[PDB]
Structures are given as C-alpha cells and as structure tokens.
C-alpha cells in the first residue's frame, strides 16, 4: 500500500526545515505550485512546525502524519480543484502568518483553524459548482440544498469525516471547549469560501476596514477570518502573469467541462461555463475587477504590508488587457487553412 509507506517515512524520517524546501519559501513572491506534488505533504508538516502549531497544541505526530495524508488523498483530480490547489491555498495562509503578524488580530486557535481549513476547504471537489449540484440533483444537493453552499457544506463534512477516522483526529486531546471551538471555526471558515457568501458580507468587510480593526470585537474576528480565507483561496492571482495564465486555463477547463455536462442535460450553462460563448479575457478581467482586486484592496487596507499583493493583482489584470488582442485571429491560423470556418 502506497499511503502506509508514505506515512512511515513522513512519520519516522523527520520534518524538513522550511528553508530547505526553498530559500524564498516564506516570501509573497514564491510560487508553491513549483513544489513537486510528492513534496507537498512534507511541506505541510514543515509549515505546521514553523508556525509552532505542533508544539503549542501538542499535536500527536503519528496522528498528524495520517491526517495530512488523508486530507491530500481526499482531493480528486479535476483540472483546478485538486490537492495542489488546497496546498497552494494553505501555503498562502502560511505566508500571511510569516509576513503580516496575524497574532495582533487573531487568537492562536483562530490562526490554527484558518490553516487547517485551508487544507480541507475544497475536499472531494468534483469539478462542478453549487448550481450544478442542484441542477443535476446530486446526492450533495439532496443533503444540503435547503441550506445553500452545497459544495462547501460537503467540504466541511469531509473534513469532519477525516477527523472521525481512527488515528486521524489531530484535536482529540483538546479540552471540550477548544474542540467545539475548532470545529465551529472550521465550519465558519470553510463556509466562507462560497463566493456568494463573500459577496454577501463584502459591505461588512468594508465597514470593518473603514472604522478600523477592533481586536476586542468578536464580529471583527469572524469577518477577518472570512476575508483571510478568501484571500488564500484566490491567492493564485497574487503571483506572476504565468501563474494567472495557467490557473485561468485550469479554471476554464473545469468550467467548460461542467458546461458540456449541462448541455447534455438540456440546460443552458452560464456564459462563463459555455466553451462556445465564453470570452476568457473579459471574463478574467471581470473576475479580477469585481472580485479579486477588491478583496486584496481590503487586505491592504487592514494590513499595510499586504500592499504588494494588491498591486500584483492589479498588474496581472493589466496584463489580461494587454494580451486580449491575441484572442482575435489575424492573418490565417497557423495551418494556413480556413477549414475551421466549416
């Protein structure tokens, strides 16, 4: 069995120092997707160690090793919502910790919950969104459609299922107040990854940024966790052009695959899901203008050291504008043929 041997090394070999992973591993300029997938579970352990969670919370190391592997194995392989996404999201959480002084805003246990939630937040994603669950009358919709955020409720339930798996509950020694607290936080944070939810609370996020963060305000803690989570989720937009280009490719591969299924079901996909109608440059520009840039603007507003993240997203949006003309075919196509018009 592969996993048990991967577990045996991961447990008995020792945890690699984060600097050995990459000299810039803790920089906002580092691209975690550069790390070979076979190195990612070790890197998760390294980050947990470097953030001092393992020591602070006295996490059992066999339990933690099993948990991390179980979480990795809990992702399928659609083009975008796979383990490497969850890993890069978690890595960004680690970046926020190393670069922004979260401990001035958040309790230790909240920061811990944020990171674990990042690892788990898209568990068992099938490459389809919430509307598709209802449209296709999936089992997940049958469970959760009356509450909404179907996929995110499922991700959370899957995280819980992993914790409830023997030898995997990294929290089982917690006091009952802390155990209850961690699971409540995981619920809130994972549910916050539904963009419908972000869009609902965006004005509360603005109000908070405008009046200024109040560490004595429990609502401010909740709101900030939501914003940080979303910041991790979209953090591919904060790297270089190449990262944004590739991730747009993975995203639309996934979207158009869903759209193809919708057409087979006799439904009209959303424009952005329809490979015959979607114009990727304007769609990506819309996403960056209406969703990604405001999120990092808020992040910068709350954390002045996050300024570079916003300017990076803004710059990447500019690049989409600059390359948009390449989506128009000028001259003949590469094969010198107009056959494709037929």
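Residue numbers count along the first chain shown, from 1. Take the two forms, find the largest set of C-alpha atoms that superpose within 1.5 Å, and that set is the rigid core.
| task | Report the stretch with the higher root mean square CA deviation, pooled over structures and residues in 9 other deposited structures of this protein, choosing between 277 to 285 and 290 to 298 after a rigid core fit. | result | Looking at 277 to 285 versus 290 to 298 in 9 other deposited structures of this protein, the farther one turns out to be 277 to 285.
| Fit on the core, then compare CA atoms: does 121 to 129 or 195 to 203 lie farther from this form in 9 other deposited structures of this protein? | Farther from the shown form on average in 9 other deposited structures of this protein: 121 to 129.
| request: Give the stretch, out of 39 to 47 and 291 to 299, with the larger mean C-alpha temperature factor in the deposited entry. | output: Higher mean C-alpha B-factor: 291 to 299.
| query | Once you work out the mean C-alpha B-factor for both 99 to 107 and 184 to 192 from the entry, which is higher? | reply | The recorded data point to 99 to 107.
| request: For the C-alpha B-factor as written in the entry, point me to the maximum among 81, 154, 268, 220. | output: That would be 268, according to the entry.
| message | Among the choices 212, 74, 167, 148, identify the one whose CA B-factor in the record is greatest. | response | Out of 212, 74, 167, 148, the record gives the largest C-alpha B-factor to 212.
| message | Ranking the modelled residues of this chain by C-alpha B-factor as given in the entry, is residue 68 in the lowest, middle or highest third? | response | Lowest third - that is where residue 68 ends up once the chain's C-alpha B-factors are sorted.
| task | Select lowest, middle or highest to describe the third in which the CA B-factor of residue 263 falls within its chain in this entry. | result | It falls in the top third of the chain.
| task | Sorting the chain's modelled residues by C-alpha B-factor, tell me whether residue 174 ends up in the lowest, middle or highest third. | result | It belongs to the highest third of the chain when residues are ordered by C-alpha B-factor.
| said: Taking only the Cα B-factors deposited for this chain, tell me whether residue 204 sits in the lowest, middle or highest third. | reply: For residue 204, the deposited C-alpha B-factor lands in the highest third.
| Comparing residue 226 with the other modelled residues of its chain, is its CA B-factor in the lowest, middle or highest third? | Residue 226: CA B-factor falls in the middle third of its chain.
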